[PDB]
Amino acid sequence: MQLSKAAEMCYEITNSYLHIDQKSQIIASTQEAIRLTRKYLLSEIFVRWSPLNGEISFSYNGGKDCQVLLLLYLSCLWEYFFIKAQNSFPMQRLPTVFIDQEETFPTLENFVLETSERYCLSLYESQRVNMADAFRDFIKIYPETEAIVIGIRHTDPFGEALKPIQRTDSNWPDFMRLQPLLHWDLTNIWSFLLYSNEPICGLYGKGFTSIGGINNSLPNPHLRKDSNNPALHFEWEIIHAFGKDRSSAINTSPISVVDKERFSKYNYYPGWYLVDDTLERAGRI
Ligand SMILES: Cc1cc2nc3c(=O)[nH]c(=O)nc-3n(C[C@H](O)[C@H](O)[C@H](O)COP(=O)(O)OP(=O)(O)OC[C@H]3O[C@@H](n4cnc5c(N)ncnc54)[C@H](O)[C@@H]3O)c2cc1C
(Lines of atoms letter the chains of each structure in order from A and count residues from 1; the text may use other names and numbers.)
(Lines give C-alpha, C1' and ligand atoms only; values in the text may rest on other atoms or scores of the structure.)
Protein backbone atom coordinates (compact mmCIF):
# COMPACT_ATOMS: atom_id res chain seq x y z
CA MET A 1 0.00 0.00 0.00
CA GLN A 2 1.04 3.66 -0.31
CA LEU A 3 3.29 4.92 2.48
CA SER A 4 0.73 7.23 4.12
CA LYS A 5 -1.69 4.29 4.39
CA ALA A 6 0.96 1.95 5.78
CA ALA A 7 1.94 4.61 8.32
CA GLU A 8 -1.66 5.29 9.38
CA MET A 9 -2.36 1.53 9.60
CA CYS A 10 0.70 0.92 11.82
CA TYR A 11 -0.32 3.91 13.90
CA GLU A 12 -3.75 2.33 14.49
CA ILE A 13 -2.14 -1.00 15.38
CA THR A 14 0.22 0.50 17.87
CA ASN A 15 -2.48 2.77 19.33
CA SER A 16 -4.78 -0.22 19.62
CA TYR A 17 -2.08 -2.22 21.43
CA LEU A 18 -1.49 0.70 23.80
CA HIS A 19 -5.21 0.62 24.62
CA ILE A 20 -5.25 -3.05 25.62
CA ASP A 21 -6.71 -3.22 29.12
CA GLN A 22 -5.86 -6.77 30.17
CA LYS A 23 -4.48 -8.35 33.29
CA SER A 24 -1.02 -9.19 31.98
CA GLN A 25 2.58 -8.57 32.89
CA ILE A 26 3.43 -9.27 29.25
CA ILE A 27 0.98 -6.76 27.81
CA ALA A 28 1.92 -4.04 30.30
CA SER A 29 5.63 -4.66 29.74
CA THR A 30 5.12 -4.43 25.96
CA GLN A 31 3.11 -1.22 26.28
CA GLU A 32 6.04 0.27 28.14
CA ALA A 33 8.57 -0.97 25.55
CA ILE A 34 6.40 0.63 22.85
CA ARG A 35 6.30 3.97 24.65
CA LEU A 36 10.04 4.11 25.08
CA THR A 37 10.83 3.13 21.47
CA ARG A 38 8.36 5.78 20.24
CA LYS A 39 9.94 8.37 22.55
CA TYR A 40 13.41 7.67 21.09
CA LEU A 41 12.07 8.09 17.54
CA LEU A 42 9.84 11.14 18.02
CA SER A 43 11.88 13.00 20.66
CA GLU A 44 15.50 12.12 19.82
CA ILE A 45 15.72 10.83 16.27
CA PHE A 46 13.23 12.49 13.95
CA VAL A 47 14.02 15.83 15.55
CA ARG A 48 17.59 15.52 14.29
CA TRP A 49 17.31 13.58 11.00
CA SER A 50 14.52 13.27 8.41
CA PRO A 51 12.94 9.82 8.15
CA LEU A 52 11.73 10.55 4.59
CA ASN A 53 14.37 12.27 2.50
CA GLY A 54 17.15 9.70 2.70
CA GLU A 55 19.16 11.01 5.67
CA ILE A 56 17.97 7.85 7.38
CA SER A 57 17.86 4.41 5.84
CA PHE A 58 16.03 1.56 7.57
CA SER A 59 17.99 -1.73 7.64
CA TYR A 60 15.43 -4.43 7.05
CA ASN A 61 15.94 -8.20 6.69
CA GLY A 62 12.36 -9.42 7.18
CA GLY A 63 13.10 -10.90 10.62
CA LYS A 64 10.69 -10.51 13.56
CA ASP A 65 12.81 -7.85 15.29
CA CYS A 66 13.23 -5.45 12.39
CA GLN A 67 9.61 -6.07 11.37
CA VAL A 68 8.36 -5.04 14.83
CA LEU A 69 10.63 -2.00 14.60
CA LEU A 70 9.40 -1.19 11.12
CA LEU A 71 5.78 -1.26 12.32
CA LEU A 72 6.71 1.06 15.25
CA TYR A 73 8.74 3.29 12.93
CA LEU A 74 5.80 3.66 10.52
CA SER A 75 3.54 4.44 13.43
CA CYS A 76 5.93 7.23 14.46
CA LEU A 77 6.21 8.39 10.85
CA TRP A 78 2.44 8.99 10.86
CA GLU A 79 2.68 11.03 14.08
CA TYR A 80 5.78 12.89 12.77
CA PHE A 81 3.84 14.25 9.86
CA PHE A 82 1.31 15.92 12.16
CA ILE A 83 3.91 17.21 14.62
CA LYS A 84 5.83 18.86 11.79
CA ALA A 85 2.63 20.32 10.30
CA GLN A 86 1.75 21.63 13.76
CA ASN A 87 5.19 23.30 14.07
CA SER A 88 5.68 24.68 10.56
CA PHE A 89 1.25 13.08 3.40
CA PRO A 90 4.08 12.85 0.87
CA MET A 91 3.67 10.32 -1.94
CA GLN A 92 6.95 8.40 -1.81
CA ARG A 93 8.69 5.22 -0.57
CA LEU A 94 10.65 4.65 2.67
CA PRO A 95 14.39 4.32 2.10
CA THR A 96 15.41 0.82 3.12
CA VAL A 97 18.49 -1.37 2.84
CA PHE A 98 18.57 -5.17 2.65
CA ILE A 99 21.83 -7.06 2.48
CA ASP A 100 21.15 -10.17 0.42
CA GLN A 101 23.69 -13.00 0.74
CA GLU A 102 24.31 -16.38 -0.92
CA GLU A 103 23.13 -18.20 2.20
CA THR A 104 19.91 -16.16 2.54
CA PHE A 105 16.78 -18.34 2.79
CA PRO A 106 14.55 -17.95 -0.31
CA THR A 107 11.52 -17.90 1.99
CA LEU A 108 12.99 -14.80 3.68
CA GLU A 109 13.99 -13.13 0.41
CA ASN A 110 10.42 -13.59 -0.79
CA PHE A 111 9.05 -12.16 2.47
CA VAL A 112 11.31 -9.10 2.18
CA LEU A 113 10.04 -8.41 -1.34
CA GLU A 114 6.37 -8.89 -0.38
CA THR A 115 6.59 -6.74 2.73
CA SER A 116 8.59 -4.10 0.83
CA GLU A 117 5.49 -3.77 -1.34
CA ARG A 118 3.07 -3.83 1.62
CA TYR A 119 4.93 -1.10 3.56
CA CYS A 120 5.98 0.90 0.48
CA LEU A 121 9.70 0.54 1.04
CA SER A 122 12.23 1.78 -1.47
CA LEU A 123 14.55 -1.15 -1.29
CA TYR A 124 18.25 -1.11 -1.94
CA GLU A 125 19.21 -4.79 -2.13
CA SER A 126 22.89 -5.76 -2.35
CA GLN A 127 23.88 -8.37 -4.95
CA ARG A 128 24.24 -11.81 -3.34
CA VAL A 129 29.91 -11.22 2.59
CA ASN A 130 30.96 -9.22 5.65
CA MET A 131 28.27 -6.85 6.78
CA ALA A 132 30.71 -3.98 7.47
CA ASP A 133 31.79 -4.13 3.80
CA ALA A 134 28.25 -4.42 2.49
CA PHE A 135 27.40 -1.18 4.30
CA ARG A 136 30.62 0.49 3.22
CA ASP A 137 29.56 -0.09 -0.39
CA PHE A 138 26.04 1.16 0.41
CA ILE A 139 27.36 4.40 1.95
CA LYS A 140 29.60 4.92 -1.06
CA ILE A 141 26.56 4.76 -3.38
CA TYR A 142 24.45 6.88 -1.00
CA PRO A 143 26.84 9.27 0.78
CA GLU A 144 23.90 11.43 1.95
CA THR A 145 23.07 8.60 4.40
CA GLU A 146 23.63 9.98 7.90
CA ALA A 147 22.00 7.27 10.04
CA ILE A 148 20.69 3.71 9.76
CA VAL A 149 17.87 2.17 11.80
CA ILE A 150 18.82 -1.28 13.17
CA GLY A 151 16.43 -3.70 14.90
CA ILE A 152 19.13 -5.03 17.24
CA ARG A 153 18.35 -5.96 20.82
CA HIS A 154 19.69 -8.09 23.67
CA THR A 155 19.30 -11.75 22.76
CA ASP A 156 21.87 -13.17 25.14
CA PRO A 157 22.88 -11.87 28.58
CA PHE A 158 26.43 -10.92 27.52
CA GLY A 159 27.64 -7.32 27.72
CA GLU A 160 27.38 -5.48 24.41
CA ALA A 161 27.44 -1.78 25.29
CA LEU A 162 24.76 -0.71 22.83
CA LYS A 163 23.00 2.66 23.01
CA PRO A 164 19.81 3.94 21.26
CA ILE A 165 21.82 6.59 19.40
CA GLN A 166 25.41 5.51 18.81
CA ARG A 167 28.27 6.08 16.35
CA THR A 168 29.59 3.06 14.47
CA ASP A 169 32.94 1.66 15.61
CA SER A 170 36.14 2.30 13.63
CA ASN A 171 35.87 -1.08 11.96
CA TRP A 172 32.73 0.24 10.26
CA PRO A 173 32.02 3.15 7.91
CA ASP A 174 30.94 6.34 9.73
CA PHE A 175 27.19 6.72 10.23
CA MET A 176 24.91 6.93 13.25
CA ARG A 177 23.39 3.71 14.52
CA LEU A 178 19.74 4.15 15.51
CA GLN A 179 18.82 1.25 17.80
CA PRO A 180 15.47 2.07 19.44
CA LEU A 181 14.43 -1.60 19.96
CA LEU A 182 17.29 -2.30 22.33
CA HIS A 183 15.18 -2.85 25.49
CA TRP A 184 12.66 -5.22 23.90
CA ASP A 185 12.61 -8.78 25.14
CA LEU A 186 11.42 -11.88 23.33
CA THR A 187 7.99 -11.90 24.96
CA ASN A 188 7.41 -8.26 23.95
CA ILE A 189 8.36 -9.08 20.36
CA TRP A 190 5.89 -11.97 19.97
CA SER A 191 3.09 -10.29 21.92
CA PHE A 192 3.20 -7.20 19.69
CA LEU A 193 3.86 -8.99 16.38
CA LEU A 194 1.04 -11.54 16.91
CA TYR A 195 -1.36 -8.82 18.07
CA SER A 196 -0.60 -6.78 14.91
CA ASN A 197 -1.96 -9.58 12.71
CA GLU A 198 0.67 -8.52 10.15
CA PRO A 199 2.18 -11.28 8.02
CA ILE A 200 5.35 -12.72 9.53
CA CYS A 201 8.15 -14.73 7.98
CA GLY A 202 6.89 -18.29 7.52
CA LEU A 203 10.14 -19.70 8.94
CA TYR A 204 8.84 -18.80 12.44
CA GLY A 205 5.85 -21.07 11.79
CA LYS A 206 8.33 -23.95 11.34
CA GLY A 207 10.08 -23.49 14.71
CA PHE A 208 12.73 -20.90 13.94
CA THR A 209 13.20 -18.36 16.76
CA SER A 210 16.12 -16.59 15.11
CA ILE A 211 16.84 -16.45 11.39
CA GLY A 212 20.37 -16.55 10.03
CA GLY A 213 21.43 -18.19 6.79
CA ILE A 214 20.75 -21.60 5.30
CA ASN A 215 23.90 -22.99 6.86
CA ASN A 216 23.98 -21.30 10.27
CA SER A 217 20.38 -21.53 11.57
CA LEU A 218 17.73 -24.19 12.23
CA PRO A 219 14.44 -24.62 14.05
CA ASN A 220 14.94 -24.22 17.77
CA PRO A 221 15.87 -27.59 19.39
CA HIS A 222 13.93 -26.49 22.47
CA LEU A 223 10.77 -26.47 20.32
CA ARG A 224 11.16 -30.10 19.21
CA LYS A 225 7.72 -31.52 20.05
CA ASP A 226 8.61 -35.03 21.22
CA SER A 227 10.93 -33.61 23.90
CA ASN A 228 9.33 -30.29 24.93
CA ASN A 229 5.81 -29.12 25.80
CA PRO A 230 5.80 -25.32 26.13
CA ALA A 231 2.64 -23.41 27.00
CA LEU A 232 1.28 -20.75 24.66
CA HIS A 233 1.61 -17.36 26.33
CA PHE A 234 0.07 -15.22 23.58
CA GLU A 235 -3.36 -16.75 23.17
CA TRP A 236 -5.18 -13.42 23.98
CA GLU A 237 -3.12 -11.44 21.47
CA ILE A 238 -3.75 -14.07 18.82
CA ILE A 239 -7.51 -14.32 19.42
CA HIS A 240 -8.04 -10.59 19.65
CA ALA A 241 -5.48 -9.55 17.01
CA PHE A 242 -5.98 -6.17 15.32
CA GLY A 243 -8.66 -6.21 12.61
CA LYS A 244 -9.23 -9.94 13.03
CA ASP A 245 -11.78 -8.62 15.51
CA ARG A 246 -10.54 -17.03 11.91
CA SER A 247 -9.53 -16.12 15.45
CA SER A 248 -6.74 -18.67 15.92
CA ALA A 249 -5.06 -18.27 12.52
CA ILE A 250 -1.60 -16.75 12.43
CA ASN A 251 -0.61 -14.80 9.38
CA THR A 252 2.55 -16.67 8.27
CA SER A 253 4.16 -16.08 4.86
CA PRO A 254 4.56 -18.96 2.36
CA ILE A 255 7.56 -21.32 2.57
CA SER A 256 9.47 -21.53 -0.71
CA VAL A 257 9.50 -25.02 -2.25
CA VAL A 258 13.29 -25.15 -1.95
CA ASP A 259 12.98 -24.44 1.78
CA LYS A 260 10.24 -27.04 2.12
CA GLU A 261 12.73 -29.64 0.77
CA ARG A 262 15.44 -28.38 3.08
CA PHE A 263 13.07 -28.69 6.05
CA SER A 264 11.63 -32.11 5.21
CA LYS A 265 14.38 -33.68 7.35
CA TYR A 266 12.96 -31.79 10.33
CA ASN A 267 8.37 -31.92 14.65
CA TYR A 268 8.64 -28.32 15.95
CA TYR A 269 6.36 -25.89 17.76
CA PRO A 270 6.21 -22.41 16.16
CA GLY A 271 8.79 -19.88 17.35
CA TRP A 272 6.24 -17.98 19.44
CA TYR A 273 6.23 -20.96 21.82
CA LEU A 274 9.67 -19.82 22.94
CA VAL A 275 9.75 -17.01 25.55
CA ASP A 276 13.06 -17.77 27.25
CA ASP A 277 15.40 -15.12 25.88
CA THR A 278 18.43 -17.17 26.87
CA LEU A 279 17.42 -19.81 24.35
CA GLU A 280 16.52 -17.53 21.42
CA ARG A 281 19.63 -18.24 19.39
CA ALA A 282 19.79 -21.97 20.24
CA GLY A 283 19.14 -22.94 16.62
CA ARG A 284 22.11 -20.78 15.50
CA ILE A 285 25.91 -21.33 15.13
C1 LIG B 1 23.67 -1.32 10.02
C2 LIG B 1 24.59 -2.01 10.98
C3 LIG B 1 25.64 -1.32 11.60
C4 LIG B 1 26.49 -2.00 12.48
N5 LIG B 1 27.55 -1.35 13.08
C6 LIG B 1 28.39 -2.03 13.96
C7 LIG B 1 29.46 -1.39 14.59
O8 LIG B 1 29.74 -0.20 14.42
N9 LIG B 1 30.27 -2.10 15.45
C10 LIG B 1 30.02 -3.43 15.70
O11 LIG B 1 30.76 -4.05 16.47
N12 LIG B 1 28.97 -4.06 15.09
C13 LIG B 1 28.14 -3.37 14.24
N14 LIG B 1 27.10 -4.04 13.61
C15 LIG B 1 26.83 -5.49 13.91
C16 LIG B 1 25.86 -5.62 15.10
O17 LIG B 1 26.25 -4.87 16.23
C18 LIG B 1 25.63 -7.07 15.53
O19 LIG B 1 26.79 -7.55 16.16
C20 LIG B 1 25.30 -7.94 14.33
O21 LIG B 1 24.30 -7.32 13.55
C22 LIG B 1 24.78 -9.30 14.79
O23 LIG B 1 23.87 -9.11 15.86
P24 LIG B 1 22.52 -9.98 15.97
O25 LIG B 1 22.79 -11.38 15.48
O26 LIG B 1 21.94 -9.88 17.36
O27 LIG B 1 21.42 -9.30 15.04
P28 LIG B 1 21.38 -9.45 13.45
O29 LIG B 1 20.94 -10.83 13.06
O30 LIG B 1 22.68 -9.08 12.78
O31 LIG B 1 20.24 -8.32 13.23
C32 LIG B 1 20.39 -7.08 13.90
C33 LIG B 1 19.78 -5.98 13.02
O34 LIG B 1 20.67 -5.67 11.98
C35 LIG B 1 19.96 -5.48 10.77
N36 LIG B 1 20.32 -6.55 9.83
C37 LIG B 1 20.84 -7.79 10.11
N38 LIG B 1 21.04 -8.46 8.94
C39 LIG B 1 20.62 -7.65 7.93
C40 LIG B 1 20.57 -7.81 6.56
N41 LIG B 1 21.00 -8.93 5.95
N42 LIG B 1 20.11 -6.77 5.81
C43 LIG B 1 19.68 -5.59 6.37
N44 LIG B 1 19.70 -5.45 7.74
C45 LIG B 1 20.19 -6.46 8.49
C46 LIG B 1 18.49 -5.60 11.09
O47 LIG B 1 17.97 -4.31 11.35
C48 LIG B 1 18.50 -6.43 12.35
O49 LIG B 1 17.38 -6.17 13.16
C50 LIG B 1 26.27 -3.35 12.75
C51 LIG B 1 25.22 -4.01 12.15
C52 LIG B 1 24.39 -3.36 11.27
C53 LIG B 1 23.25 -4.10 10.63
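Going from the start of the chain as shown, residues are counted 1 onward.
If you're wondering, the header gives X-ray crystallography, 1.9 Å.
The backbone N, Cα and C atoms fix where each Cβ goes, and this holds for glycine too.
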Which of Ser59, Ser75, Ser247, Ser248 shares the FAD site with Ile99, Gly151, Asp169, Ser170, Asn171, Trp172, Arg177, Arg281 per Swiss-Prot?
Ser59
Could you tell me, to the nearest whole Å, how far the Cα of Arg128 is from the Cα of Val129, given 5 unmodelled residues between them?
8
Under DSSP, is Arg281 (FAD binding site) part of a helix or a strand, or is it coil?
coil
Measure the gap spanned by 2 unmodelled residues: take the Cα of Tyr266 and the Cα of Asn267 and state their separation in Å as a whole number.
6
Cα-to-Cα distance of termini bounding the 8-residue gap, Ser88 and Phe89, in Å:
14
Taking the residues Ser59, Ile99, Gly151, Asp169, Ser170, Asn171, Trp172, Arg177, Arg281 listed for FAD, what is the greatest CA to CA distance in Å, to the nearest whole number?
27
Filtered binding-site residues, from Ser59, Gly151, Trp172, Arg281, whose Cβ is under 6 Å from an atom of ligand 1:
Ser59, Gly151, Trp172
